[PDB]
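To start, the structure itself, in structure tokens.
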Amino acid sequence: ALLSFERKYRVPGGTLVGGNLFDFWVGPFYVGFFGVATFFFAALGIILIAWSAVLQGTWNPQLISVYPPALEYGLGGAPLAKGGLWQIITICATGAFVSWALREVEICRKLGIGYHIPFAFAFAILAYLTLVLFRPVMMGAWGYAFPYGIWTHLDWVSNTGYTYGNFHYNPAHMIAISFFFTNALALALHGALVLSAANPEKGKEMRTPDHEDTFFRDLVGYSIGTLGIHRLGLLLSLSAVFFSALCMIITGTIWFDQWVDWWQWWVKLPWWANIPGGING
Amino acid sequence: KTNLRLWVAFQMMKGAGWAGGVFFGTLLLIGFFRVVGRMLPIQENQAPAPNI
Amino acid sequence: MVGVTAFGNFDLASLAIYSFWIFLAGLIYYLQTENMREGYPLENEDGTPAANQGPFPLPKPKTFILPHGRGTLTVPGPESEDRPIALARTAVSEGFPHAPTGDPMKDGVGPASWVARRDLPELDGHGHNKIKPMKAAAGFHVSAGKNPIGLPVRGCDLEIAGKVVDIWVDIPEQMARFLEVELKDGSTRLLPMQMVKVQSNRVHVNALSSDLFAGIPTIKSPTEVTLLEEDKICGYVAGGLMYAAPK
Amino acid sequence: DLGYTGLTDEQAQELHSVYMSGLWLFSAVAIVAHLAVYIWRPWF
Amino acid sequence: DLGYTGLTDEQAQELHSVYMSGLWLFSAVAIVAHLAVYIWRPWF
Amino acid sequence: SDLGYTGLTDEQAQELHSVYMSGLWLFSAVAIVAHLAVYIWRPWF
Amino acid sequence: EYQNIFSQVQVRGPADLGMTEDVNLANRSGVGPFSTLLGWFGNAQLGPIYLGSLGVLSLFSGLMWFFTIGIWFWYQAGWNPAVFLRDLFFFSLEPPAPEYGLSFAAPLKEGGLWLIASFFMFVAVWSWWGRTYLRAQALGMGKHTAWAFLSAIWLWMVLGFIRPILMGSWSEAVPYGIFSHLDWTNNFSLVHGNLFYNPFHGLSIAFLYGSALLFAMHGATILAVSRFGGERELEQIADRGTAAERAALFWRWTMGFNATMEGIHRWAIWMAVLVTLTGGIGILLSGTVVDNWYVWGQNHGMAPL
Amino acid sequence: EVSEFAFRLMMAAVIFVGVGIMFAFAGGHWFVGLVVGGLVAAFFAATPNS
Amino acid sequence: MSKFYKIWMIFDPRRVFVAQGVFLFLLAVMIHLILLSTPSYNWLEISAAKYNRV
Amino acid sequence: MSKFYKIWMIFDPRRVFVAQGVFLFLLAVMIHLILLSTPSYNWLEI
Amino acid sequence: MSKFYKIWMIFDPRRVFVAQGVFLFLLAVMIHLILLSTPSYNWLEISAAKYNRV
Amino acid sequence: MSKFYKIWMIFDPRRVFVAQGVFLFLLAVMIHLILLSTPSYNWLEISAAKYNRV
Amino acid sequence: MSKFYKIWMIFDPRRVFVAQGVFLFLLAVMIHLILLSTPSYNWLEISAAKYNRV
Amino acid sequence: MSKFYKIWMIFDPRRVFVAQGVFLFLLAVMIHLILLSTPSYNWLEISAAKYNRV
Ligand SMILES: CCCCCCCCCCCCCCCCCC(=O)OC[C@H](COP(=O)([O-])OCC(O)COP(=O)([O-])OC[C@@H](COC(=O)CCCCCCCCCCCCCCCCC)OC(=O)CCCCCCCCCCCCCCCCC)OC(=O)CCCCCCCCCCCCCCCCC
Ligand code: BCL
Ligand SMILES: COC(C)(C)C/C=C/C(C)=C/C=C/C(C)=C/C=C/C(C)=C/C=C/C=C(C)/C=C/C=C(\C)CC/C=C(\C)CCC=C(C)C
Ligand SMILES: COC(C)(C)C/C=C/C(C)=C/C=C/C(C)=C/C=C/C(C)=C/C=C/C=C(C)/C=C/C=C(\C)CC/C=C(\C)CCC=C(C)C
Ligand SMILES: COC(C)(C)C/C=C/C(C)=C/C=C/C(C)=C/C=C/C(C)=C/C=C\C=C(C)\C=C\C=C(/C)CC/C=C(\C)CCC=C(C)C
Ligand SMILES: [Fe+2]
């Protein structure tokens, strides 16, 4: 049931809504008010996905798809089998995510730690809400959101990208991709470095943080440190998600053409616009 | 006990009012995004349906 | 090799994807087994071993050789709390919280908990103490921030609790770790630097009220702090957030 | 008397009396609203 | 004699008595609603 | 010996199992009546 | 209120030259300047950098690769600095034309200079991998960085060397440009059906999103427990403190299971090497085994058909 | 209360917008305004007054 | 059957009642949504067709 | 309903009242949006 | 098979009861959803066709 | 063959029993899904064609 | 060859048995799937053709 | 040639045995798949053509 050190940390406090009510555990999980809310919303969403699969006529989990209402419905209700189920599942998914974040806040303040994890999760919730709520609401219909299917939401990604030509000409897209790639690189380097210090050559003593500092100072000439690397990882991940949300929110609302055409403002700058050479001349 | 009645009412109202404030705040946010999309030139330039 | 299937629709892509599924299952098993080297076996709330232990078996022991003759550490191994926990059950059934018997910040339970770490100072790669007061550290100085030395210290109750006299610095990382705060009675306490906000004319400690500053665990040697003392101090200061909410 | 809450038997009885009062008043209000909606536009 | 919750035999017996009362009330309401729906529109 | 992991003796295990079997047989009987009703209504063989 | 995102006081002392396990100290340099901005975010010290034989090899080859691409860009610009700045991101070294196959007979303007730059880049990257291995060895550490870099190298080699040889043409390889290699990836997806329907593409994307997820989670956790000295993880491994315990209990009460201060780093390294490894496999499969990934998905229950 | 860094950032943002519109009018292009305003704003914000 | 009260010897009533409320409300909402999904037994559309509201 | 009052010796009345207010409001909102999404009963439309 | 009660000396009854309750509910929902997916056993559609409901 | 009982000295009964239960359930479900996927052993369609349920 | 028992002084018997069980079950499933994918040796389709169940 | 036993004083037997088993199984499976891919040696197709199972 409990870890060898878990007992002293299970104390009665730190809830947001309710008191001793819902202040208990179910196995390893902590189930507060928002634990109950999260469970309800998640179970409802999963059963509604299965019922949509029943309606669609397929049991293959890779072919199950829940489609948003067609564009003719705008931002109003739709029949359940023709977009209503998607809307109900969206409400359930939003509720599950927000209740999960609030449950994490309750756990944070029961353990006395800072609230960095719920904040980081809220960034992802905002990216999901950008894709499913803010952009469709600005664009005028629920049908600009993506369907709930393993391989059909990828169809949404493909069609939405190819509406605006080649999509990685969107600048904020370029920034987001750079952040994602840099984050994966930093994560690999960080995990490898910590493991190599903790697992040296056979028969050696454990290395110290001085050895890690020395390893990267020998390699690249700079070491950011332990606090530095953790701050860097958090900020790289959050900046990637923030810039992806931005590049999508400006996509069908401010921009309407091919992005490769957006890049012509640099070429048409007045002082080199007409110089006869190179690619654009 | 009348004070007991009013206390039950006060707790019920507290829960309902917090929930209502949150829900109406979200509804106002939705109205905000809808209106600022109305001001945008979306009506002129409309994208095709991405779900097929 | 395009369209070349061994049977059915099974081609090199299908072979690769099934091989990867098997590899991924094995890798997840390995990763969880390696995660299972601390806090196991699982226990009942009365301390005895739990009937249910989990799907993953306990890994074989592995040994770390600690630097500077600090010994070895074999994990998984026999781990005991080695300290009394002043908590009482609130229910016979499991899954419910345990209530502090007395003063939770004094007793060190809940968000004020601390672990019986080694009673030695943490060392750098050369054998010297990792953390030193800035007066002991030769050649160290405050470079580019608001210097806190001399600033009043204010608790969460809008009252002055003392003044900053020194900064304790992590020599290898070259970063500030603790603020040394002298109280009214001429005694010094250490505050984690992650728990104080250095403002223009004060240092604000939101976790702790002015009176509670007296109860911060002290260090037995003025020139160094051991890992156990760091846990005691940080646990007390962090538990102040929950257990000093009134006043 | 399990008593996980600290209320005695009589306190629970009194509080349940007031809670039943509120539940029936709420039921009456909901019933009259339903009757109004059913007269305006029946759903059966 | 076996105990995981701290309830005595009589305490559990009384809890089960009232829990059965609530269960039978809920089920009777469910039967009446089902009979009403079936008379309104049968599903067999 | 006992070979106990849960701390239950033989007598407690027997009493628990007897009550569990009572519940299982009631659940199974209800399932059998449901299957009879369905099979009369619409046989699947 | 302090979130420990930026340092609020910054202290400087004597520079740290590092450890001397068995490193050849003659091959090191001096310490560089201190930087206050880096001090705000992380460490302020710059250097000393090790530069031995493998470093000279890597620097020479990478410098020659960069110089070859830059001189080609200058040739395309017509030796005009204004055109060079304007059409930067538009210049590119293209690989040979498909008629030449794998042969080394393509002209310098067509694809020969691309081959020269590619040789320089190959030497530079492999010598840098050797350098990471040897720098880990000199200090007595394990070689985890070398094998993670080997995963990254595997994807790079598949993209530029292995797949062109299996396809039998250098024209299959990536151009050296900014917009040009982006156009290359778009055309690669278009020629091979839909790369969304490559399953190893899907796994690679899963593990990229997983790297972002995991390392936001882990950075946030370490920052949250750093009030207990959680960022000094190497000693939380040796002496478990309240920081590691609180982190484990947060994640166990949240999602039912947790890690150690070392197992989480095993998770991290594997989550990143997996994105690059699955990507390499998926790219190697494209064109050699599957020429149309959407049709493959239709035959494998992934598309409605 | 607000920090000196926070004040520098507010005034840097307003200076950025101001000088940006200013030099986007002066120059023919918005990029000139963006460059000049961003350089001035970075210099202003990188030098807190305390 | 007469011995079922001993379920409260295993399970504390607080968690059981919480879980049972969650389960019962979830099942009720599930069945109502399933009925609303079908053309028949969608009582709103049945009413609209019966009273020619359109 | 003979001994239903004993539920208040199981749960804290204050917290039950707050949670029940939340539940009742969210149920009302659910039913109202179900009604609005239907072409009939959409009182705002009429 | 007269000594099956000894399974309760191996497994804790509370874990078993919770896990088997979840298993039985999920199995029931699975079978019902399968039957609803089959047009010849979807009782809602059967009743709609039997009573001429369109 | 008469020494197979010593397997319980090698293996912990709790994990063996849990893994065996999960494996048996998953194998039964897999075989049932295989049978439902084949038109000639889908007993629901077979009943739908024997009894004229169009 | 009579001294193969010494493998058990090299390999942990419990790890070997688990690896062997997983290996054997996966091999058996793979061979059965191969036989099901070949129109000859798909016993369900062979029986369907034999008894004219299509 | 009669001193090859000395290989076991520089290689640990457990590593060698595990690597050898994994390598042997992978090699055999690869060769079997290669033969099944070639129509000349796909024994499941040769048997079908021999006994006219089409
Ligand atoms: C039936 C099919 C299914 C197959 C599998 C199914 C079998 C059942 C499941 C098995 C799964 C088990 C997974 C558990 C592994 C975890 C082990 C571990 O992490 O710690 C132990 C051990 C060290 O633990 P430690 O406690 O940290 O040691 C500290 C030491 O004291 C001091 O440190 P050190 O100096 O000893 O070294 C530290 C390092 C050390 O570990 C190593 O030494 C790894 C060696 C490099 C990988 C080998 C490939 C290199 C090419 C071969 C040439 C060199 C070979 C000789 C290597 C030298 C070794 C002496 O440990 C690490 O943690 C590194 C982690 C990151 C490794 C990433 C390597 C990726 C390289 C990319 C290669 C791409 C080319 C081909 C791609 C595939 C082709 C299609 O590390 C390893 O053993 C790593 C294993 C490497 C796995 C290689 C990948 C397989 C890829 C297959 C993908 C699926 C196929 C689908 C496609 C099919 C196409 C048709
Ligand atoms: C129209 C475009 C296509 C498409 C075409 C491709 C193609 C083509 C490929 C990918 C690949 C990938 N794509 Mg895709 N991709 C699409 C849509 C998506 C979407 C999305 C939401 O829509 C996502 C999230 C992704 C995500 C991904 C990544 C998971 C993956 C690249 C891993 C990586 O780090 O590479 C970047 C890392 C490297 C290339 C490794 C570099 C290592 C070497 C050693 C570095 C040398 C540096 C040199 C020396 C530098 C000098 C530097 C100075 C020192 C500073 N794609 C669509 C369908 N994508 C790749 C893959 O593996 O696919 C299976 C790939 O090749
Ligand atoms: C897709 O599948 C479909 C939907 C088509 C069909 C599939 C369906 C399923 C799987 C349906 C599930 C049916 C089930 C399994 C229903 C469960 C019904 C139950 C078990 C209901 C419980 C009713 C019990 C009720 C309300 C509680 C009555 C309890 C009380 C008022 C409270 C007791 C008061 C007390 C105890 C005081 C105790 C304190 C002291 C001090 C004595
Ligand atoms: C796709 O494949 C399909 C679905 C088509 C077909 C495949 C199908 C399968 C795989 C079906 C599986 C069927 C199974 C495996 C069903 C399991 C049925 C069981 C095993 C049910 C158990 C019922 C037990 C019940 C209700 C419990 C009654 C227990 C009690 C009340 C508990 C009482 C015991 C007690 C209280 C303790 C008291 C004693 C003391 C001393 C305190
Ligand atoms: C004023 O500025 C100066 C002129 C001083 C320098 C400024 C320079 C510029 C503007 C440099 C441009 C650098 C750029 C824009 C580089 C683009 C680099 C990219 C983005 C490469 C992208 C994908 C490249 C990939 C996968 C390369 C894979 C390459 C390989 C494995 C190497 C293959 C090695 C082999 C092919 C050929 C084998 C032949 C022999 C003899 C071994
Ligand atoms: Fe870390």
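In what follows, every chain begins at residue 1, and chains take the letters A, B, ... in the order their sequences are listed. Atom set for the values below is all heavy atoms of this structure, side chains included, hydrogens, waters and symmetry mates excluded.
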**OP:** Could you check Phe41(A) against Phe97(A) for ring pair (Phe, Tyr, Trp, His ring centres under 6.0 Å), going step by step and ending with a plain yes or no?
**Re:** CA-CA 9 Å; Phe41(A) 284 119; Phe97(A) 300 161; over 10 Å; no
Original post:
Taking the six-membered ring for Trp, are the ring centroids of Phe17(J) and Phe10(B) within less than 6.0 Å of each other?
Top reply: no
Original post:
Less than 6.0 Å separating the ring centroids of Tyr67(A) and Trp86(A)?
Top reply: no
Subject >> Test item: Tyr51(K) side-chain N/O and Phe44(E) main-chain N/O as donor-acceptor pair under 3.5 Å >> reply: yes
**OP:** Keeping the roles fixed (side chain from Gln11(B), backbone from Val16(J)), state whether a donor-acceptor pair exists under 3.5 Å.
**Re:** no
**OP:** Can you see which heavy atom on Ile46(K) is nearest to which on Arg42(F), and at what distance?
**Re:** CD1-NH1, 3.3 Å
**OP:** Please determine, by modelled atom types, if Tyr19(E) and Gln20(I) share a side-chain donor-acceptor pair under 3.5 angstrom.
**Re:** yes
**OP:** Find the distance between OG1 (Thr152(A)) and CZ (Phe146(A)) and round it off to the nearest 0.5 Å.
**Re:** 10.0 Å
Subject >> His16(D) and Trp8(J) aromatic ring geometry - parallel, tilted or perpendicular at 30°/60° bounds >> reply: tilted
Original post:
What are the two closest non-hydrogen atoms of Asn42(J) and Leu36(J), and how far apart are they?
Top reply: ND2-O, 3.1 Å
Original post:
Do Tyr73(A) and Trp142(A) have ring centres separated by under 6.0 Å?
Top reply: no
Subject >> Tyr41(K) six-ring centre to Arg53(L) NZ/CZ under 6.0 Å and within 45° of normal >> reply: yes
